[PDB]
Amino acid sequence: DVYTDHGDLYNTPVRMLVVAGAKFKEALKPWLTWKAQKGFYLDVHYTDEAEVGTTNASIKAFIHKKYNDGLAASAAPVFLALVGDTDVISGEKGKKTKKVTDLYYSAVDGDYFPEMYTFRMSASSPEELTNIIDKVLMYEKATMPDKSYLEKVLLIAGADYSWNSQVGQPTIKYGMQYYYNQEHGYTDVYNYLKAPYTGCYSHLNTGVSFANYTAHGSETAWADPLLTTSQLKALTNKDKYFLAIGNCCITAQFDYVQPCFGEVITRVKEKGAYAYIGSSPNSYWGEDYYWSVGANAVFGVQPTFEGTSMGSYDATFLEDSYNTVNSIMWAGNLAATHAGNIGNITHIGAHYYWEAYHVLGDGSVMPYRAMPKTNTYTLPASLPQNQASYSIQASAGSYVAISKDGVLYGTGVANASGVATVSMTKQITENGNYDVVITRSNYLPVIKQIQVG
């Protein structure tokens, strides 16, 4: 089925192709440094290069060739990071949506399924890009002083006379029944199923890890209950950054005449989100229902886990897959596609959904699920020079990276017995303090150093 045909794109060693506007080189450096340190092999290019060019056609041809060449060399990019707004990386009009999309940078072969997990760090200045990066770094390095905010979420079934009861409430209730609850470590599940909505956005200030709104959207707002771009600029959630998902119309229409809601919520300084998932064109009640809960969901009838396929909430909470921000969006789109394949009621079609939904901000983040766990590991006392690999022990599934000065030297995944064989693509030939980073989905990172010589 579509789930086995097009599963989670995450793979290791993690590879990321970055295409950025030339003005962002200095601001982007701390983000590239951290991504290399945590084990991403980066291939970084700018719109001032001959091979990239400055047009949709040249940038797309560049990306497609990089993917195809990487795949031929058993080294396909996993992620595609687009850095800049539409003045530097334009996107193009969707065939189905008639609105801007980044899909065709990611969709390399003939179909409408991406080859890479794509996200856009949309900024209008280096300062706005730094704003996004600082939130990502605090979240991924887990340097926030109030980690308890990670145990809290905000879920809203917004206003619609007919659809709030038929789809909005069943969507949020399914999320709460199976995942956003005390049994999964969430101490505060702020939820608004219907009016009165009064005070529902206060929780974005006090602290939540995740906010999901399903109902009406505009280019610059969650419409009812209302949260505008002007209100996003007045949030006070310093050091308490969230993932937000707007299952609603047009909040991610990132070529709008003003910065769209998804751009503002990620660009705002020391407040708002580290990533946003939303739709560039209108979204639809039926496909958004399946997106969150799974296919085989029925309007006006509460869905259960046994009676639906995998949706975005289900995938998020799988422990061993669908652990990135991009993968949450991917799972939702798979569910909307599966609904069509099995003959459920559909309102607009899968191709439209793959063109519609986007990640703004950093889609490569692995969101925590309530309070992340403390990892176990053993570092060797030394790293002998000129070795093809090193063993590092860490809990099964952890990803280990050895680097220095923001240059990645080697990576490995801990096997089922907790042994990571770190393959050194660059051997250690010089004395120095080498960084060792260990990450795992829903675990706090380990950031240490080993002295050589």
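Position 1 is the first residue in the sequence shown; the rest follow in order.
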* Identify the stretch, either 381-389 or 405-413, whose C-alpha atoms have the larger mean B-factor according to the entry. => 381-389
* Between 46-54 and 31-39, point out the one with the higher average CA B-factor as the PDB entry records it. => 46-54
* Asked: Reading the B-factor column of the entry, which of 306, 224, 362, 288 has the highest value at its C-alpha atom?
  -> 306
* To do: Between 219, 314, 151, 87, let me know which has the highest C-alpha B-factor in the entry?
  => 87
* To do: Rank-wise, by C-alpha B-factor, drop residue 228 into the lowest, middle or highest third of its chain.
  => highest
* To do: Can you work out whether the C-alpha temperature factor of residue 173 puts it in the lowest, middle or highest third of the chain?
  => lowest
* Asked: Sorting the chain's CA B-factors, does residue 344 end up in the lowest, middle or highest third?
  -> middle
* Select lowest, middle or highest to describe the third in which the CA B-factor of residue 259 falls within its chain in this entry. => middle
* Ranked C-alpha temperature factor of residue 99 among modelled chain residues, by third -> middle
